[PDB]
Amino acid sequence: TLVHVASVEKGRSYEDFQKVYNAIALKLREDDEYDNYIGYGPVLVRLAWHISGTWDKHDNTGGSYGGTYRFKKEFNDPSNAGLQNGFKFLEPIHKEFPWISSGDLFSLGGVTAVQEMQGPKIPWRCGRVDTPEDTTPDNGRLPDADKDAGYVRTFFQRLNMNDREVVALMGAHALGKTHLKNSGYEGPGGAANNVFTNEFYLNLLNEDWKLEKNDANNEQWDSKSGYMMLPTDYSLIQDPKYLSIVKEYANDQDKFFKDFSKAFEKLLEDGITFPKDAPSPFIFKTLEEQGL
Ligand code: HEM
Ligand SMILES: Cn1cncc1C=O
């Protein structure tokens, strides 16, 4: 398999990355109108996941390391429709801090978004290094939404995620919304879609879901409250193993936060070899903690 060794941007340390975090966090606060006042947090979380979710454990292709989303093949992946909004948000940040690698910037955008939306602290490591256009993974490595629990389980084995990690990661679907023009699905998953909570699990268990067709002729699960779940989301309450874990997170906010933090860091670091003398993971302070 390919080896990708983390290489710290020359001379940089925690303070440098905290400044980048702060610039992203301040722009998140500033650009509040986006997507009918949802703001950019959810799309930045999705971007960090999609740049990581191309990874294949079998040969170490894809993954966040190479920053390959910047290349046309990947940014034009139909699975990535709408993420251009996140990329455009990050452009002025990259211009201000041209020394940060693209993979570091995209992954840090996700960490910053989660924390600024009052989610768990996500430790983050620097050292992703931009790789050439020919290292861009082909389209088709990101998951389909119209599938069942068996599909989800098998899909995530490629990313070395187990049942607990899958169910934890999926809690991010509390955030933002599906947009018909991007993915052929429409609607939010709950009421608090720019604040990071365990609402995804509570809504799965507590809403009265009806299997309906949307205006793109795709099936999705809809509630009277105006929420929606993808078939792959709903599969987490159809499969008995996933259901137990859904119930656990619906009943323990802290446990969900801790497990999401671990799985999300792991997702963002898949494929990267960290030297034994690499810096420890950074835990950034939020703007609120800094009084900014
Ligand atoms: C079976 C796995 C998954 C499937 C099939 C899936 C599918 C989707 C789809 C179809 C959308 C709507 C995109 C749009 O129309 O704009 C979406 C949105 C989103 N996804 Fe996932 N997803 C999966 C896993 C994940 C994971 C693991 C995360 C992160 C931990 C994540 C984070 C998000 C976020 C934050 C949004 C909202 C984006 C926005 O509001 O712009 N998803 N997902
Ligand atoms: C609302 N939703 C349901 N599944 C995914 C999403 C995006 O947030």
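Numbers for residues simply follow the sequence, beginning at 1. Read the numbers this way: they start at 1 and go in the same order the structure lists the ligands and their atoms. What you see below is based on every heavy atom in this structure, not just the backbone, and it leaves out hydrogens, waters and symmetry mates.
At under 3.5 Å, a nitrogen or oxygen of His179, whether backbone or side chain, sits near a nitrogen or oxygen of ligand 1. Note: no N/O pair closer than 3.5 Å links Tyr185 and ligand 1 by distance alone. Polar contact check, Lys177 against ligand 1: a nitrogen or oxygen pair lies under 3.5 Å apart.
Residue-ligand proximity: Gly82 is placed with every non-hydrogen atom at 4.0 Å or more from ligand 1. Taking a 4.0 Å cut-off on heavy atoms, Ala172 fails to register as neighbouring ligand 2.
Side-chain rings of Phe106 and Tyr69 approach one another, their centers coming within less than 6.0 Å. Aromatic pair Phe260/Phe196: ring centres closer than 6.0 Å.
Taking only non-hydrogen atoms, the option from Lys147, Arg46, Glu186, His173 nearest to atom 23 (C) of ligand 1 is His173. Proximity annotation for atom 29 (C) of ligand 1: of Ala172, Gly86, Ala149, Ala172 comes nearest, heavy atoms only. The heavy atom nearest to atom 30 (C) of ligand 1, considering only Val166, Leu169, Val43, is found in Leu169.
With respect to atom 4 (N) of ligand 2, the closest heavy atom belonging to the protein is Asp233 OD2, 2.6 Å. Summary of contacts: the protein heavy atom closest to atom 2 (N) of ligand 2 is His173 O, 3.6 Å.
Counting heavy atoms closer than 4.0 Å to ligand 1, residue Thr232 contributes side-chain atoms (C-beta onward) but none from N, CA, C or O.
Pairs passing the salt bridge (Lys or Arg N to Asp or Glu O under 4.0 Å) check and including a residue from residues 140-151, sequence neighbours excluded, read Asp144-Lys147.
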